[PDB]
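We give structure tokens for two forms of one protein chain below, kept apart as structure 1 and structure 2.
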Structure 1
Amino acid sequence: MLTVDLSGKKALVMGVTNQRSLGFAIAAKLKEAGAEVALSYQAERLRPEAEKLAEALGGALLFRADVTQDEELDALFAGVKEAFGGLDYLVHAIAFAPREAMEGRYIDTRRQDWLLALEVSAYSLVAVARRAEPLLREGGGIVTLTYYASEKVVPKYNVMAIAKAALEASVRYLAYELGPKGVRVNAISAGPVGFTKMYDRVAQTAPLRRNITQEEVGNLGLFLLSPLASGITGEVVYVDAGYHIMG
């Protein structure tokens, strides 16, 4: 039997709200593999739930960070530096678009909403990669989360599709720029885990004839960060039961 041993590795998972978050799933697997994981929550409303997740992970370090606030991000990676010394893995599981933009048509998207959506969902990767760069060790890695709508039109995904398009292009450039220093950057294109019409259609259309699970996304995230994927960087890997290959 092969073992994935991440003892002594340090992990920061940003973007956690519930136990059903894809970010948590990756964290669960990372802790299971022996890593020290820290979580970061958006605002004070979610601290209680964040503490419950830390408990489920058998204990975890917590930070509050809003990705729109450069000051808060500065504080986060200062707290990480003090608490971990270095960093191995960074999970980027953050996305947002104003509700007003996620309804109706993409063409009707309002200026301030469009930018907010691109700021949180795409720029935040650049923001956190810059701050993690001097902390990241050899074999280190950043992984983000995206969706098929970046390449093909999925109605009602609107500006988020565009954000993901910007996210994935970011992944490639960051992979190119952090590669020399032994850091890998990849994206997980998850299937669904406005929504239910997409969820019940993947099940029917996808080759596996079902939806993917939260654990299946976790497993991919674990692998990509693990030394088992040491030759893999700049990739967008799909865990979607084969949906995206269907015409």
Structure 2
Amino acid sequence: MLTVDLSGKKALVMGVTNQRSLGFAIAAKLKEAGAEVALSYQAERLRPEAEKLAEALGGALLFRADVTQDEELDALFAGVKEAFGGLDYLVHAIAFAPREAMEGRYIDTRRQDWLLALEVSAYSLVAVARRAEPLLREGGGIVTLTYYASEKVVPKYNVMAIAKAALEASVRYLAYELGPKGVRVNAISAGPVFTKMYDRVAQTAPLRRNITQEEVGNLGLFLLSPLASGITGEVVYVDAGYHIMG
């Protein structure tokens, strides 16, 4: 049998606020594999919520940081450097779009809402990748989350679809720029884990079912682990084959 032993490896998981999320599933698999995890949380008032996530994982180091504040991101990574000495994996599970932008039509998106969605959902990957670069050890990597709406029109996804398109293009450019130092950058396009798409996916996908957060966690583990050492700049789909359907 094969064994994936990530003991000694260090991971920073961002944008997670609940145990029922893609970001937490990846963190859980990373911990199961033996890696030590650090979780960022947006504001001090969210510390207790983060603490519960840390406990659910069986232990994790916490750091406060709002991804829209460069000063706080600097603090976060100085903190990660001091506590871990370096970094191996970075899980980017940050995503946000104002409610106003998500209600209605994409064409009606307000300037401020559009920019905030792009800033938090796409630019944040750039912001953290740059600060993680000095800490990332050879064989390390960054993995983010995306969705099919980035390439095809999925009604009611609006600016998030555009943000994910920006995120995926960012993944390619970051893979190119961080690749020479042995750091890989990939995106995971997950299927649904609303009821509109969710139910239709189970009916139309080749596997005739929706994926689970564990299946995303498993792909995240694979992509970050040395087993995926030759894979970078990729957008890998774990959607039960839904996206290949016409």
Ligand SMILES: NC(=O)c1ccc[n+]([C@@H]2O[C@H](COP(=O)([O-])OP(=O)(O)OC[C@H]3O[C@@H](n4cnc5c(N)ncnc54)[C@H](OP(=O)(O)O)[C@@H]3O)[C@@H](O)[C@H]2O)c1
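FYI, numbering is relative to structure 1, first residue = 1. Heads up, when I say rigid core I mean the largest set of C-alphas that superpose within 1.5 Å between the two forms.
One of the two isolated chains is the form deposited without this ligand, namely structure 2. Following superposition on the rigid core between structures 1 and 2, the residue from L62, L46, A33, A206 with a C-alpha displacement of 2 angstroms or more is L46, and no other. In the core-aligned comparison between structures 1 and 2, the Cα atom of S21 sits 1.3 Å away from its counterpart. Lined up on the core, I232 has its CA atom moved by 0.1 Å between structures 1 and 2.
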